[PDB]
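The structure appears below as structure tokens.
There are 2 protein chains.
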Amino acid sequence: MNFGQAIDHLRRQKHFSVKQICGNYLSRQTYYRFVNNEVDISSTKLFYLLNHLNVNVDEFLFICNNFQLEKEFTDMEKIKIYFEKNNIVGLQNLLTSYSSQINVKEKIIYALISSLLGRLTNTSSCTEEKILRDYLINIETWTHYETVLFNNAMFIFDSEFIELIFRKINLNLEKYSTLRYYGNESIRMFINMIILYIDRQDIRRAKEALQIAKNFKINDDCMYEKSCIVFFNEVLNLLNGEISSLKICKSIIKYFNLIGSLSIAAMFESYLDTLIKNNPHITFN
Amino acid sequence: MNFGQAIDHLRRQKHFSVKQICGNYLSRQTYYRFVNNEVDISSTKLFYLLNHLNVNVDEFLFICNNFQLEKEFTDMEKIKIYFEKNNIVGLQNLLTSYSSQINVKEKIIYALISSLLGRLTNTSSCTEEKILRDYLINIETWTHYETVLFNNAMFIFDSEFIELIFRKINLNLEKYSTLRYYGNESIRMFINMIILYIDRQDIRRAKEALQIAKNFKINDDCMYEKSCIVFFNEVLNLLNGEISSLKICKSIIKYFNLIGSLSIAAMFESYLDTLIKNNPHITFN
Numbered sequence: 001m002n003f004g005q006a007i008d009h010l011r012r013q014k015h016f017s018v019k020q021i022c023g024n025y026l027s028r029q030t031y032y033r034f035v036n037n038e039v040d041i042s043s044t045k046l047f048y049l050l051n052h053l054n055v056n057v058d059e060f061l062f063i064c065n066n067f068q069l070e071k072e073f074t075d076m077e078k079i080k081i082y083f084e085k086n087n088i089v090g091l092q093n094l095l096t097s098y099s100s101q102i103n104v105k106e107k108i109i110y111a112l113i114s115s116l117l118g119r120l121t122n123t124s125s126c127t128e129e130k131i132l133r134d135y136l137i138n139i140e141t142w143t144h145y146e147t148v149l150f151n152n153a154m155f156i157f158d159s160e161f162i163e164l165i166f167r168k169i170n171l172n173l174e175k176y177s178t179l180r181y182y183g184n185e186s187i188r189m190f191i192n193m194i195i196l197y198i199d200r201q202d203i204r205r206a207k208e209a210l211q212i213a214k215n216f217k218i219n220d221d222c223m224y225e226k227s228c229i230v231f232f233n234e235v236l237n238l239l240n241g242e243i244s245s246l247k248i249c250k251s252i253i254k255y256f257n258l259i260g261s262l263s264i265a266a267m268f269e270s271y272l273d274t275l276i277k278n279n280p281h282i283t284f285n
Numbered sequence: 001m002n003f004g005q006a007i008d009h010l011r012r013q014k015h016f017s018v019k020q021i022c023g024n025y026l027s028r029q030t031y032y033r034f035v036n037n038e039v040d041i042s043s044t045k046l047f048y049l050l051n052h053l054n055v056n057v058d059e060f061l062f063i064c065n066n067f068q069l070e071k072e073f074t075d076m077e078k079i080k081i082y083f084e085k086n087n088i089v090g091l092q093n094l095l096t097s098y099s100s101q102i103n104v105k106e107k108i109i110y111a112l113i114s115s116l117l118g119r120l121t122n123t124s125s126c127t128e129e130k131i132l133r134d135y136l137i138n139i140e141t142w143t144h145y146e147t148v149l150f151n152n153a154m155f156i157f158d159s160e161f162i163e164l165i166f167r168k169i170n171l172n173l174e175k176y177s178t179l180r181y182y183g184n185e186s187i188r189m190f191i192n193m194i195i196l197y198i199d200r201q202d203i204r205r206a207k208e209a210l211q212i213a214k215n216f217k218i219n220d221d222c223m224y225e226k227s228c229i230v231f232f233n234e235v236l237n238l239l240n241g242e243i244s245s246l247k248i249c250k251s252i253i254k255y256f257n258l259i260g261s262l263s264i265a266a267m268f269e270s271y272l273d274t275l276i277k278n279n280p281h282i283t284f285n
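Sequences listed follow chains A and A', in order. A prime marks a further copy of an entry chain.
Quick note: the first sequence uses PDB author numbering, first residue 1, plus one each step.
Quick note: the second sequence uses PDB author numbering, first residue 1, plus one each step.
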């Protein structure tokens with residue numbers, strides 16, 4: 001649905017007048033033609049209109065795309081799942097649709113799908129891993145896109161590279177602490193790094209990664225994140241030998257189950273069972 | 001900082017080329033003058049540029065405003081605090097800055113500050129409560145703005161009005177369930193309603209409000225919200241007589257304390273102490 005329709009739909013749903021929203025920045029003729037998709041409007045005049053509608057741009061865009069997040073971000077979660085479940089078919093299908101590679105955006109995801117398919121078919125995707133590596137290593141302002149991309153690409157990279165990326169994003173990651181669903185998505189990626197380091201028996205960089213995640217300024221309502229911080233800290237303690245930390249891991253699992261986070265309680269249940277299995281000294285007496 | 005500078009700062013921080021971002025939709029001369037704030041650009045061409053920067057508009061705007069949420073939303077949290085703490089001075093100061101009332105936005109917050117000052121000085125603000133009531137009652141697309149406004153205005157309104165608003169927003173509130181920090185802010189307002197109904201000894205509409213909040217589709221990572229749902233449900237059970245529900249309320253408090261949500265654990269601690277004090281039958285044996 002084009003911007004003209006969405007603005008007018010929001011204007012009528014909030015019982016506003018064209019004058020109330022257009023003020024003395026836009027004409028009725030200018031406003032009408034915009035509604036019918038005859039004319040575009042300067043960006044400062046769109047934000048003016050949204051400002052007077054009392055509507056945020058992210059809310060706006062999420063209506064213009066028929067109540068759906070943007071295709072790149074939704075394709076990125078599909079990619080995540082298809083690789084988890086060894087779904088070569090979904091991966092191969094997403095590879096076809098991005099094979100166009102019209103812009104940088106289509107090259108990164110192309111390279112991401114090829115590189116994950118390479119891992120599933122034990123084939124070289126030397127070119128495509130290089131595209132990904134070069135894009136990520138030259139990010140000095142790290143946004144949501146790179147965070148989504150990095151949660152998804154992380155495990156194809158050697159630990160020196162992951163450490164490089166982690167050390168090099170601390171700063172900006174902090175700046176948007178006040179950002180909604182971004183500050184929190186930054187933390188979740190740090191947990192993914194800790195998980196991946198713990199899983200690679202590279203405990204030394206997991207300790208350094210967690211201590212950084214603790215120093216991140218975390219609002220007391222960010223309870224999934226604060227839970228992850230605590231859980232994984234006790235999991236590090238366990239690996240340094242303390243069965244006192246196993247009760248704390250179990251109690252965090254019980255509390256997920258108490259509040260009906262049953263699917264997440266089971267993921268942590270499976271992880272702590274998988275952790276005791278691979279390092280049996282944790283539980284020893 | 002104007003849009004031109006922000007785009008170019010993001011472009012250089014991500015080591016992109018003017019051609020990579022401008023593609024064949026914008027000229028170098030057009031792009032440069034935009035950077036120097038000589039020319040604006042059509043809204044579809046700004047979103048094009050942000051799309052190629054791999055940056056979301058909300059992220060973008062949060063950089064253009066020097067890493068700060070928009071003044072209206074930050075003024076709204078200040079208003080919340082100043083009313084909690086009986087700070088007539090901050091309220092009176094915010095009233096001065098909006099006394100301009102240039103647009104709808106400045107009229108709503110003006111009316112909100114006057115109405116909260118009226119409650120603190122036991123004076124009539126009959127005109128201003130009417131402005132607020134009329135704005136809220138005619139919202140068929142309920143956005144974040146109205147949610148922030150309503151958390152803040154809620155308690156000046158009779159319970160029939162609050163029920164009216166609650167029944168009338170279920171639908172749209174659901175649509176943006178997938179929305180980040182919005183779906184979740186919708187739930188928190190529902191808890192505020194439940195709190196306010198429980199506090200007005202109007203248990204009957206608290207039961208109806210909670211049952212609706214339970215039917216809301218809540219992702220398992222939304223743990224502060226799922227915790228609130230569970231806590232307040234057991235608090236309703238308590239009020240219908242079951243000391244079995246008091247252990248569950250205490251365990252949810254203990255888990256906030258375990259994960260370092262110490263300020264939120266104390267708020268719930270104080271509330272359950274204040275709840276037992278006003279309805280002593282809860283604990284009875």
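In this text, a Cβ means the ideal position worked out from N, Cα and C, and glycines have one as well.
query = In chain order, what residues of the same chain lie with their CB nearer than 8 Å to the CB of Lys207(A'), ignoring the 5 residues before and after it?
reply = Start at 1 with the first residue of the second sequence, and residue 207(A') comes out as number 207. Only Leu236 meet the Cβ criterion.
ask   = Unbroken beta strand (DSSP E) runs of length 3 or more, entirely within the stretch 21-107 of chain A: which are they?
value = For the stretch 21-107 of chain A, not a single whole beta strand (DSSP E) run of length 3 or above is found.
inquiry  = If contact is defined by three or more beta carbon pairs under 8 Å, each pair taking one atom from either stretch, is the stretch 3-14 of chain A in contact with the stretch 50-59 of chain A?
reply    = Flag = yes, the stretch 50-59 of chain A and the stretch 3-14 of chain A touch.
key: Option nearest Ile264(A') by Cα separation, candidates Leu275(A), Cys222(A), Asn37(A) and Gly241(A)   = Taking the second sequence and counting its residues from 1, one reaches residue 264(A') at position 264. Closest option to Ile264(A'), Cα to Cα, is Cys222(A).
query = Residues in the stretch 131-158 of chain A with C-beta within 8 Å of chain A''s C-beta atoms, listed in sequence order?
reply = Within the stretch 131-158 of chain A, the residues whose Cβ lies closer than 8 Å to some Cβ of chain A' are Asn138, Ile139, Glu140, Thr141, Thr143, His144, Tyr145 and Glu146, listed in chain order.
ask   = Is the distance from the Cβ of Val148(A) to the Cβ of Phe216(A) below 8 Å?
value = In the first sequence, residue 148(A) corresponds to position 148, counting from 1. In the first sequence, residue 216(A) corresponds to position 216, counting from 1. Not closer than 8 Å, so no.
query = In terms of residue numbering, what span does the alpha helix (DSSP H) encompassing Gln211(A') cover?
reply = For this step, residue 211(A') is matched to residue 211 along the second sequence. Residue range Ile203 to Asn215 is occupied by the alpha helix (DSSP H) that includes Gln211(A').
query = Counting along the chain, where does the alpha helix (DSSP H) carrying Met267(A') start and finish?
reply = Taking the first residue of the second sequence as position 1, residue 267(A') is located at position 267. Run containing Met267(A'): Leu262 to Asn278, per the alpha helix (DSSP H) assignment.
ask   = Taking Cβ positions only, does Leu69(A') come closer than 8 Å to chain A?
value = Position 69 of the second sequence holds residue 69(A'). At least one chain A Cβ lies under 8 Å of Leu69(A').
Closest by C-alpha distance to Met76(A'), when choosing among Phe67(A'), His15(A'), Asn65(A') and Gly90(A') = The residue you call residue 76(A') lines up with position 76 of the second sequence. Comparing Cα-Cα distances from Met76(A') to each of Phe67(A'), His15(A'), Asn65(A') and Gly90(A'), the minimum goes to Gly90(A').
ask   = Can you tell me where the alpha helix (DSSP H) with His144(A') in it begins and where it stops?
value = Counting from 1 along the second sequence, the entry for residue 144(A') is found at position 144. First-last of the alpha helix (DSSP H) with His144(A'): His144 to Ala153.
query = Along chain A', which residues have their Cβ under 8 Å away from the Cβ of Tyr48(A)?
reply = Within the first sequence, the letter at position 48 stands for residue 48(A). The CB of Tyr48(A) never comes closer than 8 Å to any CB in chain A'; the least such distance is about 10 Å.
query = Using 8 Å as the limit for Cβ to Cβ distance, is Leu112(A) near chain A'?
reply = As a working mapping, residue 112(A) is identified with position 112 in the first sequence. False, the Cβ-Cβ gap to chain A' never drops below 8 Å.
task = Using only alpha-carbon positions, find the residue among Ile218(A), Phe83(A) and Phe157(A) that is nearest to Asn184(A).
result = Mapped onto the first sequence, residue 184(A) falls at position 184. Measuring C-alpha to C-alpha distances from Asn184(A) to each of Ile218(A), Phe83(A) and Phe157(A) identifies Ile218(A) as the nearest.
task = Check each candidate in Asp220(A'), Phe161(A') and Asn278(A') and name the one with the smallest Cα separation from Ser261(A).
result = As a first step, residue 261(A) is located in the first sequence; it is residue number 261 there, counting from the start. Ranked by Cα distance from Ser261(A), the first of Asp220(A'), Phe161(A') and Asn278(A') is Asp220(A').
query = For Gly23(A), which residues in chain A' fall below 8 Å Cβ to Cβ?
reply = As a working note, residue 23(A) is residue 23 in the first sequence. In chain order: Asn103.
message = Quick check on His15(A): does DSSP put it in helix, strand or coil?
response = One-based indexing of the first sequence puts residue 15(A) at position 15. Correct three-state label for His15(A): coil.
query = Excluding the five sequence neighbours on either side, which residues of its own chain have a C-beta within less than 8 Å of the C-beta of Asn138(A), listed in chain order?
reply = In the first sequence, residue 138(A) corresponds to position 138, counting from 1. Same-chain partners within the cutoff: there are none.
Three-state secondary structure assigned by DSSP to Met193(A) = Here the question's residue 193(A) lines up with position 193 in the first sequence. In the three-state reduction of the DSSP assignment, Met193(A) falls in the helix class.
ask   = Using the beta-carbon of each residue, which ones in chain A are nearer than 7 Å to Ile259(A')?
value = Translated into positions along the second sequence, residue 259(A') becomes position 259. Under the 7 Å cutoff, chain A gives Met223, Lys226, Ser227 and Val230.
request  = Write down the C-beta distance between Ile259(A) and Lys226(A') rounded to the nearest angstrom, noting that I regard them as a contact closer than 8 Å.
outcome  = Position 259 of the first sequence holds residue 259(A). Position 226 of the second sequence holds residue 226(A'). Contact between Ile259(A) and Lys226(A') holds: CB atoms are separated by about 4 Å, below the 8 Å threshold.
query = Under 8 Å, do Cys64(A') and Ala153(A') count as touching if we go by C-beta distance?
reply = Residue mapping note: residue 64(A') aligns to position 64 of the second sequence, counting from 1. Residue mapping note: residue 153(A') aligns to position 153 of the second sequence, counting from 1. Their beta carbons are not under 8 Å apart, which means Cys64(A') does not touch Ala153(A') by this criterion.
request  = Let me know if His15(A') comes out buried or exposed under the rule of 16 or more other beta-carbons within 10 Å of its beta-carbon.
outcome  = Here the question's residue 15(A') lines up with position 15 in the second sequence. With fewer than 16 other Cβ atoms within 10 Å, it is exposed.
ask   = Around the C-beta of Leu171(A), are 16 or more other C-beta atoms found within 10 angstroms, so that it is buried, or is it exposed?
value = Translated into positions along the first sequence, residue 171(A) becomes position 171. Counting the other CB atoms within 10 Å of its CB gives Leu171(A) a total below 16, which places it among the exposed residues.
message = Tell me which residue opens and which closes the alpha helix (DSSP H) that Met223(A') is part of.
response = Looking up residue 223(A') in the second sequence gives position 223. Note, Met223(A'): alpha helix (DSSP H), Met223 to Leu239.
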